[PDB]
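Notes to accompany the following structure.
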Amino acid sequence: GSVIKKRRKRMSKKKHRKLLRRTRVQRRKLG
Amino acid sequence: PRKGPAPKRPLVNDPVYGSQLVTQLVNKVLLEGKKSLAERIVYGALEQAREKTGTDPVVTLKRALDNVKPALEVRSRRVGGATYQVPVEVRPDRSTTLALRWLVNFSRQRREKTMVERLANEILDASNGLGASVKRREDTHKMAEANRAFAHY
Amino acid sequence: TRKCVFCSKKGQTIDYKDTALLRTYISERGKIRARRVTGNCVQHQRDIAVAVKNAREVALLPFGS
Amino acid sequence: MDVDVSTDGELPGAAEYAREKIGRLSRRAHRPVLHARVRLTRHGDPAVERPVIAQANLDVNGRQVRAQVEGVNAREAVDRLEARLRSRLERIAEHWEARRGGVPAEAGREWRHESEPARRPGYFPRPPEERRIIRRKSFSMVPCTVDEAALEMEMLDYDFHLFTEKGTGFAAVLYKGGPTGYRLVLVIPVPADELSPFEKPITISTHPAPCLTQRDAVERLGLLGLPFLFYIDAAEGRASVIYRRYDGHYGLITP
Amino acid sequence: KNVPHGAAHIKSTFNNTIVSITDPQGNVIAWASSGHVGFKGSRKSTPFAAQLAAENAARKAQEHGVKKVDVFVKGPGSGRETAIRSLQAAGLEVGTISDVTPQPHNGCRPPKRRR
RNA sequence: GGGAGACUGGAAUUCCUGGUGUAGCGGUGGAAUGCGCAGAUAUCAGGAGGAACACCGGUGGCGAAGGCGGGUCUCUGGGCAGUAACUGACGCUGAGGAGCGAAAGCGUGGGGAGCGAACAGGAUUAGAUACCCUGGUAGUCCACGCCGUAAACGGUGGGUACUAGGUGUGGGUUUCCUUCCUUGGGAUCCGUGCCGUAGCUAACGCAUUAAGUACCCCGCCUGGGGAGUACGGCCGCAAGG
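Residue numbers (the working numbering), protein chains in the order written: chain V, 69 to 99; chain G, 3 to 155; chain C, 18 to 82; chain E, 586 to 840; chain R, 0 to 114.
What follows is the structure, encoded as structure tokens:
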């Protein structure tokens with residue numbers, strides 16, 4: 069199939085990973 | 003010239019000297035179709051050279067040509083998406099054309115107050131190896147030598 | 018093509034001691050010749066390669082002279 | 586950068602907005618821009634959904650870059666025109682950073698229109714694997730002079746020729762010496778006086794033909810790239826000339 | 000000194016050629032480089048620069064008493080052909096030609112591919 | 001080249017030492033950082049150390065999958081063929097569950113030649129947190145353990161029976177040309193490719209190694225985003241799953 073779907077999925081996963089990197093310390097302090 | 007070489011115009015010999023070279027010279031110095039004036043200029047220059055040196059116009063003209071005739075030149079060649087100044091061998095016809103063009107052009111920048119006198123002085127200096135056209139030939143040969151490394155393509 | 022001289026009824030055994038039988042199978046640079054240019058079967062080609070390597074290890078053939 | 590805007594009809598404020606929006610693209614162009622013009626028009630018919638028409642023309646160092654857009658108002662048309670012009674200038678760059686991925690790379694991998702054509706020798710490849718020597722001429726070893734050897738060259742249409750010299754009694758090979766004339770190579774170099782008299786303008790190679798084996802001769806020919814190799818064979822002790830043939834094998838001429 | 004017989008080592012890389020004449024015990028007696036004959040930058044990767052360097056090294060060995068030499072070529076082909084031709088052309092007799100290029104048996108990791 | 005352990009071989013890169021030896025070497029599309037003139041690069045001799053095993057070497061072998069080739073020895077798993085001596089349906093699949101599971105990554109202790117995230121400069125560019133160049137730390141390596149993900153793909157779950165062929169190639173048995181040397185050819189069992197019937201498909205294509213004809217068991221799907229995300233829970237040192 070076309071790689072457009074894979075592009076959407078990788079963008080979503082990348083954004084989630086960046087969010088996790090940004091809030092790692094806050095999650096640890098609240099967890 | 004995409005479909006092949008074009009035919010050459012067979013220019014005729016001169017009346018008062020009987021040589022192809024002087025006719026080529028008058029065609030080179032020709033401007034605006036004033037062929038009579040160009041012929042007058044060339045004939046006067048040849049007579050001035052004859053009076054100054056005492057010999058025949060044609061022999062000293064040929065000596066000047068051989069003095070200013072180039073054998074190697076430099077052209078911009080693009081190989082592999084990159085351009086270089088490649089030295090190239092010059093065909094005899096191109097060498098004669100370049101020599102005559104240089105002679106005329108450099109005689110046009112002289113300071114002898116008249117086209118006939120400027121042309122006579124330039125041809126005499128080229129015969130003796132002192133003309134600016136000789137210097138141009140020396141410079142173009144030097145430039146061809148300096149880029150010899152690019153001669154393999 | 019060519020013949021596997023070992024699959025024949027006169028096929029000499031492959032050993033790392035008999036150096037001439039191996040020298041006839043390596044190129045002039047000492048590299049092991051390919052199977053197609055030789056024509057031997059796969060098992061005999063592998064045995065030849067193993068014998069050549071062993072002979073090199075015991076200093077009987079040069080390492081790419 | 587200076588821009589001239591030739592508006593039309595009633596477009597109040599469109600000129601200044603277009604001027605200030607388009608003049609910001611000068612830094613985007615990688616070459617100086619000259620006489621950059623813009624034009625704004627409005628469709629008289631109200632039936633057009635996008636009535637405003639914007640056109641822009643730039644002269645980036647002799648290269649004409651033009652764009653045209655439609656919009657519902659001056660601001661939208663100008664913004665779309667700016668985006669279009671930015672895309673065009675991006676595609677125009679032509680500087681090295683934008684022309685570095687299209688230049689042919691590597692040596693054999695990948696092929697392009699301007700990729701360097703493969704250098705092919707006159708002979709069929711026939712790689713060292715099963716190259717062999719399947720041409721062995723022994724045309725003539727009757728003694729000859731330089732002129733006679735040259736004539737025997739000419740009608741045979743062969744660049745080089747191996748004979749035996751008259752005066753020396755030694756084997757020799759003549760070949761075209763290029764613009765210098767012809768060149769003569771002997772098994773043992775001798776001057777011209779001992780060499781039989783001649784009229785052709787030739788020169789003699791000062792080096793002697795060396796002694797070496799068949800495999801060594803093939804290796805020297807491969808690593809030296811000459812059209813042939815003239816040598817004294819080690820085992821035979823006599824002259825020999827090897828040349829790469831027209832089928833890929835080596836042509837060994839022996840007495 | 001006087002060394003009638005020696006060896007010639009030619010290292011032709013992708014951007015330079017180095018020619019060194021050597022007393023067969025391994026001692027360099029005269030060397031000429033591609034950049035030593037007036038070239039610099041990419042200009043010194045050309046076969047003509049290899050020709051000039053080989054001729055210069057040949058003269059710098061000839062006045063030292065070297066007559067007959069044997070050549071050891073090395074490196075990817077840039078000007079090896081012209082290097083040996085120039086070595087011969089400068090009056091230096093060539094004994095034998097040997098290709099001795101360091102060929103690893105798949106050792107060390109090569110640098111990553113360019114793009 | 002299925003796996004584990006032990007010992008060990010050579011080419012090459014790097015570094016060190018000592019000769020010869022000079023003014024450049026290196027690098028690119030072109031250059032500059034950089035190295036060298038305190039003796040570099042080059043060449044020879046010697047020494048130290050780490051990693052990977054050129055030729056053999058392929059659409060060829062083994063393995064359930066990941067994956068697996070320098071050599072030798074020890075221990076060990078699986079497969080195929082023939083005889084059919086033996087037991088006599090003991091078979092298939094398998095929710096959960098357990099085990100193995102590329103690379104990257106984490107912990108402790110070693111090792112560190114080359115390569116090299118990060119990080120420095122050089123260069124290109126309007127801008128270069130990049131592509132190119134010079135250096136370069138983790139890491140790549142070894143031992144014991146963690147994690148449990150991949151375009152972990154043939155994007156094709158496992159078992160069985162049947163349905164035209166033709167031709168490569170790997171392994172093993174046998175009849176006839178018969179020299180019996182020979183891919184001689186035939187027959188047969190087990191793999192691994194290519195082309196092609198019927199048949200199937202939306203088409204591309206698959207086609208005895210089925211995506212054909214049917215039977216048994218398991219997993220999974222019910223429009224696209226939101227989202228394999230939030231909450232809750234389990235595992236994990238952590239990343240995270």
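Quick reminder that beta carbons are idealized off the backbone N, C-alpha and C, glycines included.
Chain-ordered chain R contacts of residue i [CB-CB under 7 Å]
i, result
"residue 151 of chain G", "42, 45, 47, 48"
"residue 804 of chain E", "96"
"residue 154 of chain G", "46"
Outcome for residue i when other beta-carbon atoms lying within 10 angstroms are tallied against a minimum of 16
i, result
"residue 41 of chain G", "buried"
"residue 672 of chain E", "exposed"
"residue 666 of chain E", "buried"
"residue 43 of chain R", "buried"
"residue 50 of chain G", "buried"
"residue 29 of chain C", "exposed"
"residue 137 of chain C", "Past the boundaries of the shown model lies residue 137 of chain C; chain C is included only from 18 to 82, so the question cannot be answered."
"residue 13 of chain R", "exposed"
"residue 155 of chain G", "exposed"
"residue 62 of chain C", "buried"
"residue 68 of chain G", "exposed"
"residue 104 of chain G", "buried"
"residue 773 of chain E", "exposed"
"residue 124 of chain G", "buried"
"residue 87 of chain R", "buried"
Extent of the continuous alpha helix (DSSP H) run through residue i
i, result
"residue 47 of chain R", "46-61"
"residue 642 of chain E", "That residue, residue 642 of chain E, is in no alpha helix (DSSP H); its beta strand (DSSP E) goes 637-645."
"residue 602 of chain E", "599-607"
"residue 136 of chain G", "134-148"
"residue 86 of chain G", "From DSSP, residue 86 of chain G is part of no alpha helix (DSSP H) but of the beta strand (DSSP E) over 85-91."
"residue 735 of chain E", "731-741"
"residue 95 of chain G", "94-110"
Residue i in three-state terms, based on DSSP
i, result
"residue 127 of chain G", "helix"
"residue 803 of chain E", "helix"
"residue 681 of chain E", "helix"
"residue 718 of chain E", "coil"
"residue 764 of chain E", "helix"
"residue 31 of chain C", "coil"
"residue 95 of chain R", "strand"
"residue 15 of chain G", "coil"
"residue 83 of chain V", "helix"
"residue 119 of chain G", "helix"
"residue 73 of chain R", "strand"
"residue 38 of chain R", "coil"
"residue 779 of chain E", "coil"
"residue 831 of chain E", "coil"
"residue 74 of chain G", "strand"
"residue 653 of chain E", "strand"
"residue 630 of chain E", "coil"
"residue 611 of chain E", "coil"
Within chain E, the residues that residue i reaches when beta carbons sit closer than 7 Å
i, result
"residue 92 of chain R", "792"
Proximal residues of chain E, C-beta to C-beta of residue i below 8 Å
i, result
"residue 46 of chain G", "Neighbours of residue 46 of chain G on chain E: none; closest Cβ ~41 Å, over 8 Å."
Interface partners of residue i on chain R, CB under 9 Å
i, result
"residue 578 of chain E", "A question about residue 578 of chain E goes unanswered here, because the residues of chain E that appear run from 586 up to 840."
"residue 795 of chain E", "92, 93, 94, 95"
Residue range of the unbroken beta strand (DSSP E) whose run includes residue i
i, result
"residue 4 of chain R", "4-11"
"residue 42 of chain C", "Taken as a continuous stretch (DSSP letters only), residue 42 of chain C belongs to no beta strand (DSSP E), as it is neither H nor E."
"residue 621 of chain E", "618-627"
"residue 746 of chain E", "745-749"
"residue 81 of chain R", "Taken as a continuous stretch (DSSP letters only), residue 81 of chain R belongs to no beta strand (DSSP E), being part of the alpha helix (DSSP H) at 79-88."
"residue 589 of chain E", "588-591"
"residue 813 of chain E", "813-818"
Neighbouring residues, chain G, relative to residue i (Cβ below 8 Å)
i, result
"residue 636 of chain E", "By Cβ distance, chain G contributes nothing, its closest Cβ being about 47 Å from residue 636 of chain E, past 8 Å."
Amino acids of chain G, ordered along the chain, whose beta-carbon sits closer than 7 Å to that of residue i
i, result
"residue 689 of chain E", "82, 83"
"residue 699 of chain E", "82, 83"
Between the segment 58-86 of chain R and chain E, which residues of the former have a C-beta closer than 7 Å to a C-beta of the latter?
Under the 7 Å Cβ criterion, the segment 58-86 of chain R contributes 72, 80, 83.
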